[PDB]
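Text of final_1.cif, listed as mmCIF, C-alpha atoms:
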data_final
#
loop_
_atom_site.label_atom_id
_atom_site.label_comp_id
_atom_site.auth_asym_id
_atom_site.auth_seq_id
_atom_site.Cartn_x
_atom_site.Cartn_y
_atom_site.Cartn_z
CA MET A 2 -8.02 32.28 15.72
CA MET A 3 -7.80 33.14 12.11
CA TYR A 4 -8.12 35.30 9.36
CA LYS A 5 -7.47 34.60 5.73
CA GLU A 6 -10.70 34.12 3.84
CA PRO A 7 -11.44 30.72 2.30
CA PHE A 8 -12.26 30.83 -1.40
CA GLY A 9 -13.22 28.56 -4.25
CA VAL A 10 -12.24 28.92 -7.90
CA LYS A 11 -13.37 27.04 -10.97
CA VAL A 12 -10.84 25.14 -13.02
CA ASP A 13 -11.91 24.38 -16.58
CA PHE A 14 -10.72 20.77 -16.99
CA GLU A 15 -10.79 21.24 -20.77
CA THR A 16 -8.63 24.36 -21.11
CA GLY A 17 -6.90 24.53 -17.74
CA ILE A 18 -7.96 28.13 -17.27
CA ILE A 19 -8.43 29.55 -13.77
CA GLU A 20 -10.04 33.02 -13.86
CA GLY A 21 -8.17 35.58 -11.76
CA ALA A 22 -5.08 33.38 -11.53
CA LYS A 23 -1.58 34.59 -12.37
CA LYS A 24 -1.18 33.51 -16.00
CA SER A 25 2.27 32.70 -17.42
CA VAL A 26 2.72 31.92 -21.12
CA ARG A 27 5.96 30.44 -22.42
CA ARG A 28 6.61 30.22 -26.15
CA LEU A 29 9.29 28.14 -27.82
CA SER A 30 11.43 31.29 -28.01
CA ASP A 31 11.24 31.41 -24.21
CA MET A 32 12.84 27.97 -24.04
CA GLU A 33 16.21 28.44 -25.66
CA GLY A 34 18.63 25.73 -24.62
CA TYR A 35 15.90 23.41 -23.32
CA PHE A 36 15.58 20.99 -26.26
CA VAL A 37 18.34 18.71 -27.59
CA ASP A 38 17.88 19.61 -31.27
CA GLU A 39 18.94 23.26 -31.45
CA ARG A 40 18.59 23.42 -35.24
CA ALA A 41 15.01 22.16 -35.04
CA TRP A 42 14.38 24.65 -32.25
CA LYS A 43 15.62 27.60 -34.31
CA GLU A 44 13.56 26.54 -37.33
CA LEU A 45 10.34 26.18 -35.35
CA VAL A 46 10.85 29.54 -33.63
CA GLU A 47 11.42 31.24 -36.99
CA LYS A 48 8.40 29.63 -38.68
CA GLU A 49 5.84 29.74 -35.88
CA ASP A 50 7.20 30.33 -32.35
CA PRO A 51 4.39 28.19 -30.86
CA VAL A 52 3.08 28.45 -27.30
CA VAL A 53 4.69 25.51 -25.50
CA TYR A 54 2.84 25.81 -22.17
CA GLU A 55 0.78 28.00 -19.90
CA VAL A 56 0.60 28.10 -16.11
CA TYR A 57 -2.36 29.47 -14.14
CA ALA A 58 -1.15 29.92 -10.58
CA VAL A 59 -2.98 30.76 -7.33
CA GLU A 60 -0.25 31.62 -4.87
CA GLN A 61 -0.19 32.73 -1.22
CA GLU A 62 2.45 34.65 0.72
CA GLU A 63 5.56 32.52 1.26
CA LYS A 64 4.63 31.09 4.64
CA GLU A 65 5.42 27.71 6.16
CA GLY A 66 2.41 25.36 6.15
CA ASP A 67 0.41 27.21 3.51
CA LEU A 68 -0.32 25.91 0.01
CA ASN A 69 -0.32 27.10 -3.61
CA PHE A 70 -1.99 25.48 -6.60
CA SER A 71 -1.83 25.90 -10.34
CA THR A 72 -2.65 24.29 -13.62
CA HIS A 73 0.04 23.41 -16.11
CA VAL A 74 -1.27 23.31 -19.65
CA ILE A 75 1.26 21.67 -21.96
CA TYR A 76 0.38 22.18 -25.61
CA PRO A 77 1.01 19.34 -28.05
CA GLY A 78 4.10 19.37 -30.25
CA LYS A 79 7.69 18.32 -30.75
CA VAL A 80 11.07 19.91 -31.26
CA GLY A 81 12.61 17.44 -33.66
CA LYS A 82 11.83 14.14 -31.91
CA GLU A 83 11.37 15.64 -28.46
CA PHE A 84 7.92 16.33 -26.99
CA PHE A 85 6.88 19.74 -25.60
CA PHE A 86 7.29 20.03 -21.82
CA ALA A 87 7.39 22.49 -18.90
CA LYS A 88 10.75 24.00 -18.08
CA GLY A 89 11.09 22.24 -14.75
CA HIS A 90 12.57 23.66 -11.58
CA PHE A 91 13.83 22.66 -8.19
CA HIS A 92 12.18 24.19 -5.16
CA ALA A 93 14.21 26.98 -3.52
CA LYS A 94 13.56 25.19 -0.26
CA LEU A 95 14.66 21.90 -1.73
CA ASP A 96 12.86 19.53 0.67
CA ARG A 97 9.37 20.67 -0.41
CA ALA A 98 7.27 18.10 -2.28
CA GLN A 99 4.54 18.57 -4.84
CA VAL A 100 1.42 16.69 -5.89
CA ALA A 101 0.16 16.72 -9.47
CA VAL A 102 -3.20 15.47 -10.75
CA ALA A 103 -3.73 14.75 -14.43
CA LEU A 104 -6.94 16.36 -15.70
CA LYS A 105 -6.82 15.97 -19.47
CA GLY A 106 -4.77 14.58 -22.34
CA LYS A 107 -1.88 12.18 -22.68
CA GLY A 108 1.32 12.90 -20.83
CA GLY A 109 3.49 12.23 -17.83
CA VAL A 110 5.94 13.68 -15.36
CA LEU A 111 9.68 13.43 -15.59
CA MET A 112 11.44 13.96 -12.25
CA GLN A 113 15.07 14.39 -11.26
CA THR A 114 17.16 14.54 -8.09
CA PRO A 115 19.87 17.17 -7.55
CA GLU A 116 22.39 14.50 -8.60
CA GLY A 117 20.50 13.81 -11.83
CA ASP A 118 18.80 10.51 -11.06
CA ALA A 119 15.64 10.63 -13.16
CA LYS A 120 12.29 8.83 -13.11
CA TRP A 121 9.39 8.95 -15.55
CA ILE A 122 5.80 8.30 -14.50
CA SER A 123 2.98 8.45 -17.00
CA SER A 124 -0.31 10.03 -16.00
CA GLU A 125 -3.68 9.40 -17.64
CA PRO A 126 -6.48 11.65 -16.38
CA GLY A 127 -7.27 10.47 -12.85
CA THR A 128 -3.65 9.72 -12.01
CA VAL A 129 -2.01 11.50 -9.09
CA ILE A 130 1.76 11.88 -9.14
CA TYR A 131 3.79 12.39 -6.00
CA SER A 132 7.06 14.27 -6.55
CA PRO A 133 8.98 13.87 -3.29
CA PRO A 134 11.17 16.38 -1.42
CA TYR A 135 14.39 17.20 -3.33
CA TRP A 136 13.03 16.30 -6.78
CA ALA A 137 12.44 18.62 -9.75
CA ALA A 138 9.36 17.92 -11.89
CA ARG A 139 8.67 18.43 -15.59
CA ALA A 140 5.29 17.68 -17.16
CA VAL A 141 5.56 16.32 -20.70
CA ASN A 142 2.84 16.13 -23.38
CA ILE A 143 3.17 12.93 -25.42
CA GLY A 144 -0.14 13.27 -27.25
CA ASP A 145 -1.95 15.41 -29.80
CA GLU A 146 -4.17 17.39 -27.44
CA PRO A 147 -3.33 19.72 -24.56
CA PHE A 148 -2.03 17.84 -21.49
CA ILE A 149 -3.35 19.50 -18.33
CA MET A 150 -2.31 18.91 -14.71
CA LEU A 151 -3.40 20.47 -11.43
CA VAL A 152 -0.32 20.96 -9.26
CA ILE A 153 -0.39 21.65 -5.50
CA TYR A 154 2.79 22.76 -3.79
CA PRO A 155 3.85 24.43 -0.54
CA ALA A 156 3.58 28.21 -0.51
CA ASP A 157 7.15 28.51 0.75
CA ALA A 158 8.76 26.08 -1.73
CA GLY A 159 9.95 28.82 -4.09
CA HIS A 160 11.47 28.25 -7.53
CA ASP A 161 14.96 27.46 -8.78
CA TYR A 162 14.92 27.42 -12.59
CA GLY A 163 18.65 28.03 -13.06
CA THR A 164 20.02 24.54 -12.40
CA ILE A 165 17.67 23.04 -15.01
CA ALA A 166 18.26 25.93 -17.42
CA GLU A 167 21.95 25.04 -17.56
CA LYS A 168 21.96 21.23 -17.24
CA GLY A 169 18.48 20.08 -18.31
CA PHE A 170 17.25 16.62 -17.33
CA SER A 171 19.42 13.49 -17.59
CA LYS A 172 16.71 11.79 -19.61
CA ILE A 173 14.62 12.99 -22.52
CA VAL A 174 11.21 11.93 -23.81
CA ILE A 175 11.09 11.40 -27.53
CA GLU A 176 9.15 9.63 -30.27
CA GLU A 177 10.76 7.60 -33.06
CA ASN A 178 8.67 5.68 -35.59
CA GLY A 179 5.62 5.81 -33.33
CA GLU A 180 7.61 4.59 -30.32
CA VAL A 181 7.51 6.88 -27.27
CA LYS A 182 10.86 6.46 -25.50
CA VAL A 183 12.51 7.77 -22.36
CA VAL A 184 16.22 7.77 -23.11
CA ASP A 185 19.51 9.20 -21.86
CA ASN A 186 20.00 12.86 -22.70
CA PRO A 187 22.95 12.85 -25.16
CA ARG A 188 24.19 16.14 -23.71
CA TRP A 189 25.01 14.46 -20.37
CA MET B 2 20.50 14.87 -3.12
CA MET B 3 17.52 12.73 -2.53
CA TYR B 4 15.90 9.69 -1.90
CA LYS B 5 12.22 9.00 -1.57
CA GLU B 6 10.86 7.38 -4.69
CA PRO B 7 8.28 9.26 -6.77
CA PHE B 8 5.10 7.32 -7.44
CA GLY B 9 1.79 7.63 -9.23
CA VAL B 10 -1.54 6.19 -8.16
CA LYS B 11 -4.87 6.04 -9.94
CA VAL B 12 -7.88 7.71 -8.42
CA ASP B 13 -11.23 6.45 -9.68
CA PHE B 14 -13.17 9.71 -10.09
CA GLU B 15 -16.42 7.72 -9.94
CA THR B 16 -15.90 5.83 -6.66
CA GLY B 17 -13.06 7.76 -5.05
CA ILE B 18 -11.07 4.57 -4.51
CA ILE B 19 -7.28 4.68 -4.38
CA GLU B 20 -5.77 1.16 -4.40
CA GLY B 21 -3.19 0.64 -1.65
CA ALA B 22 -4.34 3.73 0.24
CA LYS B 23 -5.22 3.72 3.94
CA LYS B 24 -9.00 3.25 3.87
CA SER B 25 -11.17 4.65 6.69
CA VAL B 26 -14.91 3.93 6.80
CA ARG B 27 -17.20 5.84 9.14
CA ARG B 28 -20.78 4.71 9.67
CA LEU B 29 -23.54 6.76 11.26
CA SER B 30 -22.86 4.90 14.51
CA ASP B 31 -19.33 6.31 14.36
CA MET B 32 -20.76 9.83 14.39
CA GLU B 33 -22.62 10.05 17.65
CA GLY B 34 -23.11 13.65 18.72
CA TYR B 35 -22.35 15.06 15.26
CA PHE B 36 -25.90 15.71 13.99
CA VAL B 37 -28.43 18.09 15.55
CA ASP B 38 -31.36 15.64 15.54
CA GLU B 39 -30.31 12.96 18.03
CA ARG B 40 -33.64 11.12 17.81
CA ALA B 41 -33.34 10.87 14.02
CA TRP B 42 -29.75 9.74 14.46
CA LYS B 43 -30.70 6.92 16.84
CA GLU B 44 -33.50 5.75 14.55
CA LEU B 45 -31.31 5.64 11.46
CA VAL B 46 -28.54 3.78 13.31
CA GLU B 47 -31.04 1.20 14.56
CA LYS B 48 -32.69 0.67 11.17
CA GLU B 49 -29.68 0.76 8.86
CA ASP B 50 -26.47 2.27 10.30
CA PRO B 51 -25.47 3.59 6.85
CA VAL B 52 -21.92 4.35 5.74
CA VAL B 53 -21.67 8.14 5.96
CA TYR B 54 -18.22 8.57 4.38
CA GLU B 55 -14.97 6.92 3.40
CA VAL B 56 -11.46 8.35 3.25
CA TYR B 57 -8.66 6.91 1.11
CA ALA B 58 -5.44 8.49 2.37
CA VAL B 59 -1.87 8.44 1.03
CA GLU B 60 0.24 9.81 3.84
CA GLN B 61 3.97 10.43 4.32
CA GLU B 62 6.03 10.66 7.51
CA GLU B 63 5.19 13.83 9.44
CA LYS B 64 7.87 16.06 7.98
CA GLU B 65 7.83 19.79 7.28
CA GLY B 66 7.43 20.57 3.56
CA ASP B 67 6.06 17.18 2.53
CA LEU B 68 2.51 16.51 1.36
CA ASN B 69 -0.33 14.04 1.89
CA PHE B 70 -3.38 13.48 -0.28
CA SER B 71 -6.65 11.64 0.07
CA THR B 72 -10.11 11.29 -1.32
CA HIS B 73 -13.16 12.00 0.78
CA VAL B 74 -16.20 10.11 -0.43
CA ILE B 75 -19.34 11.47 1.21
CA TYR B 76 -22.32 9.19 0.66
CA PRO B 77 -25.73 10.76 0.07
CA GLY B 78 -28.23 11.01 2.91
CA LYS B 79 -29.68 13.03 5.74
CA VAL B 80 -30.11 12.80 9.48
CA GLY B 81 -33.49 14.43 9.87
CA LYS B 82 -33.03 17.58 7.76
CA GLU B 83 -29.24 17.60 7.95
CA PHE B 84 -27.06 16.33 5.09
CA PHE B 85 -24.33 13.69 5.55
CA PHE B 86 -20.85 15.18 6.01
CA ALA B 87 -17.27 14.41 7.10
CA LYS B 88 -16.51 14.79 10.78
CA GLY B 89 -14.21 17.76 10.33
CA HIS B 90 -11.03 18.47 12.24
CA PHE B 91 -8.54 21.19 12.94
CA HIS B 92 -4.92 20.56 12.05
CA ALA B 93 -2.71 19.71 15.04
CA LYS B 94 -0.32 22.29 13.68
CA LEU B 95 -3.10 24.82 13.32
CA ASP B 96 -1.52 27.08 10.68
CA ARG B 97 -1.48 24.37 7.99
CA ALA B 98 -3.82 24.91 5.03
CA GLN B 99 -5.51 22.41 2.76
CA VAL B 100 -6.66 22.34 -0.85
CA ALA B 101 -9.69 20.34 -1.96
CA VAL B 102 -10.77 19.55 -5.51
CA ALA B 103 -14.31 18.41 -6.26
CA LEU B 104 -14.31 15.33 -8.50
CA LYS B 105 -17.91 14.12 -8.52
CA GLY B 106 -21.39 14.86 -7.22
CA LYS B 107 -23.10 17.80 -5.59
CA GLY B 108 -21.67 19.20 -2.39
CA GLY B 109 -19.56 21.83 -0.72
CA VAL B 110 -17.17 22.60 2.09
CA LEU B 111 -18.10 24.14 5.39
CA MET B 112 -15.16 25.76 7.18
CA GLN B 113 -14.69 27.21 10.64
CA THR B 114 -12.10 29.20 12.58
CA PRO B 115 -11.06 28.29 16.14
CA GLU B 116 -13.46 31.02 17.32
CA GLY B 117 -16.34 29.52 15.35
CA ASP B 118 -16.62 31.91 12.42
CA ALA B 119 -17.95 29.74 9.61
CA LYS B 120 -18.04 29.96 5.83
CA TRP B 121 -19.73 27.74 3.26
CA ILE B 122 -18.42 27.35 -0.29
CA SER B 123 -20.17 25.10 -2.77
CA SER B 124 -18.11 22.96 -5.11
CA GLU B 125 -19.28 21.51 -8.42
CA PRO B 126 -16.81 19.11 -10.04
CA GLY B 127 -13.91 21.25 -11.28
CA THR B 128 -14.04 23.61 -8.31
CA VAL B 129 -10.98 23.98 -6.10
CA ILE B 130 -11.51 25.08 -2.52
CA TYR B 131 -8.80 26.75 -0.48
CA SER B 132 -9.12 26.22 3.28
CA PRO B 133 -6.63 28.63 4.82
CA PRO B 134 -4.34 28.18 7.85
CA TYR B 135 -6.30 27.93 11.14
CA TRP B 136 -9.55 26.72 9.55
CA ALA B 137 -11.27 23.34 10.00
CA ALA B 138 -12.97 21.85 6.93
CA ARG B 139 -16.02 19.63 6.55
CA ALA B 140 -17.17 18.30 3.18
CA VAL B 141 -20.96 18.05 2.88
CA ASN B 142 -23.01 16.05 0.35
CA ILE B 143 -26.14 17.97 -0.66
CA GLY B 144 -27.13 15.67 -3.52
CA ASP B 145 -28.33 12.14 -4.25
CA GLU B 146 -25.06 10.65 -5.46
CA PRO B 147 -21.68 10.25 -3.75
CA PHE B 148 -19.83 13.57 -3.38
CA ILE B 149 -16.10 13.01 -3.91
CA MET B 150 -13.21 15.40 -3.25
CA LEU B 151 -9.45 15.07 -3.62
CA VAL B 152 -7.80 16.75 -0.62
CA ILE B 153 -4.12 17.71 -0.43
CA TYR B 154 -2.67 18.72 2.91
CA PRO B 155 0.75 19.11 4.53
CA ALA B 156 2.27 15.89 5.86
CA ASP B 157 2.93 17.54 9.23
CA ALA B 158 -0.52 19.12 9.69
CA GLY B 159 -1.81 16.34 11.94
CA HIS B 160 -5.41 15.95 13.12
CA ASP B 161 -7.43 17.41 15.97
CA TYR B 162 -10.91 15.84 15.94
CA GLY B 163 -11.72 16.57 19.59
CA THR B 164 -12.68 20.24 19.39
CA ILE B 165 -15.24 19.50 16.65
CA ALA B 166 -16.42 16.33 18.41
CA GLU B 167 -17.51 18.42 21.39
CA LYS B 168 -18.67 21.71 19.81
CA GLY B 169 -19.50 20.87 16.18
CA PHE B 170 -19.72 23.67 13.60
CA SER B 171 -21.51 26.97 14.28
CA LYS B 172 -23.55 26.50 11.12
CA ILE B 173 -25.39 23.50 9.75
CA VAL B 174 -26.40 22.54 6.22
CA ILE B 175 -29.97 21.38 5.92
CA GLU B 176 -32.81 20.96 3.44
CA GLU B 177 -36.39 22.08 4.09
CA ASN B 178 -39.08 21.81 1.41
CA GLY B 179 -36.46 21.49 -1.33
CA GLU B 180 -34.52 24.51 -0.06
CA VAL B 181 -30.86 23.85 0.78
CA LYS B 182 -29.97 26.21 3.63
CA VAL B 183 -26.88 27.07 5.65
CA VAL B 184 -28.19 28.17 9.03
CA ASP B 185 -27.05 28.77 12.61
CA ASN B 186 -26.50 25.59 14.58
CA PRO B 187 -29.23 25.70 17.29
CA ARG B 188 -26.86 24.06 19.77
CA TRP B 189 -24.61 27.15 19.79
#
Now that the file is in, can you turn its structure into structure tokens?
Amino acid sequence: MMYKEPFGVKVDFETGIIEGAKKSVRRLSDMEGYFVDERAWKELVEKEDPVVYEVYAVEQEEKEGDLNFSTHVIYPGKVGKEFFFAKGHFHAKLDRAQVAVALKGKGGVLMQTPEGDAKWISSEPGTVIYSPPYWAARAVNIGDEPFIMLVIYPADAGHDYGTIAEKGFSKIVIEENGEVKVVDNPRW
Amino acid sequence: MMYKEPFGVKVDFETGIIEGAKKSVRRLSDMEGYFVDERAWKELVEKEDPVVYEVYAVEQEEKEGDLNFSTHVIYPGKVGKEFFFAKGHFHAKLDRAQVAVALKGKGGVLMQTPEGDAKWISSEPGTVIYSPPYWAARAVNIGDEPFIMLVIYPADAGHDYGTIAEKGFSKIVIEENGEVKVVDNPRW
């Protein structure tokens, strides 16, 4: 009683690349307003404009019950004290969850509710993170190598980047004197 | 605007174990009628009754949009010529898909539509297999070590084991003289 063809694809656990996937590259210049230290942001864009992260997505038509998957490859770096991260988004159908599996590197996921309650969970390779319905997720790279996650999410979840674009997350992930810290975002 | 708490859990890529997960163990005796060679089945049950596979499942309430995940650990072995495999099931809400990621070992996924059209896709570690809406999936271990997959599926998909329990899959995965073959199931 069905129809779509099953397929397999290789995921390179070392680079995060999925051949034939929709590839999205976001440089620091693509993330204006995302980091707390705007002066440090401007300076890094001017000097280098580094790739912050790549997404390789395998997506289906937006149909209830179906599933998408992608890799998030967060490159290592900081803007001032603040580690490189994915932009983060809510789902357009808010009550969709997502599951993320760490494949490589040192990092974690910062998650937030629509009211701004945040929670950080670290993820060494092998760790699976459950981001429940109504939460937005942001992978963060706290190490010196690429941090790579495999993310599975419902095909009808959609994306809402705008809320995060304007308000950010209520907590930030920084390093000071070798101490990785999750602290209140000053701009809240 | 929400509520469930995010969590992370470790998955041991070598054993497939998830601590605190719902653990299901199925021995050969639990799989009567699943293998083509009933005499070889009886003999192996009598001599040893080996564990065929384990599932470690992290499941949510059955709610649209939410997600479950589990590991399938298929132990190595054969019943006559036929490799050890998971039972296989359709989803109770048929149009739910699933995504499986190979973590360890040598194996693949055999999939079938409600009309019995089957497709085999091998999966070395690193391979992601997409089982579309309406398909039933069965992981098969074609090697000499445990074959382990991480499977993500919708929390409201449900399980329908009965169809497969009575009819099986239209193809079987066997080895003859060192040749791994996917052939027609004689009993169809």
Open item on the list: Between atom CA of residue 86 of chain B and atom CA of residue 2 of chain A, what is the distance in Å, rounded to a tenth?
Closed with: 23.5 Å
Open item on the list: Distance cut-off 9 Å, counting all atoms listed in the file - which residues of chain A neighbour chain B? Return them as a PyMOL selection string.
Closed with: chain A and resi 2-14+65-70+94+96-100+112+114-118+120-136+153-155+157-158
- [ ] Run the PyMOL selection byres ((chain A and resi 175-186) around 9) on the file and write out the hits as a list in words.
- [x] residues 37, 79, 81, 82, 83, 84, 121, 143, 169, 170, 171, 172, 173, 174, 187, 188 and 189 of chain A
TODO: Give as a ChimeraX atom specification the set of residues within 10 Å of the point (9.6, 29.4, -23.9), where distances use the file's coordinates and all atoms listed in the file.
DONE: /A:26-35,46,50-55,86-88
Quick one: what's the axis-aligned box for segment 109-122 of chain B, all listed atoms, 3 Å on every side, centre and edges in Å to one decimal, as AutoDock Vina command-line options?
--center_x -15.4 --center_y 26.9 --center_z 8.3 --size_x 14.7 --size_y 16.1 --size_z 24.0
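One distance worth recording is that between atom CA of residue 24 of chain A and atom CA of residue 62 of chain A, which is 17.1 Å.
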Open item on the list: So the first atom is atom CA of residue 106 of chain A and the second is atom CA of residue 141 of chain A; what is the distance between them in Å, to one decimal place?
Closed with: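 If I compute the distance from atom CA of residue 106 of chain A to atom CA of residue 141 of chain A, I get 10.6 Å.
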Open item on the list: Could you tell me, as number ranges by chain, exactly which residues end up selected when the PyMOL selection byres ((chain A and resi 74) around 8) is applied to this structure?
Closed with: A: 16-17, 54-56, 72-73, 75-76, 147-150
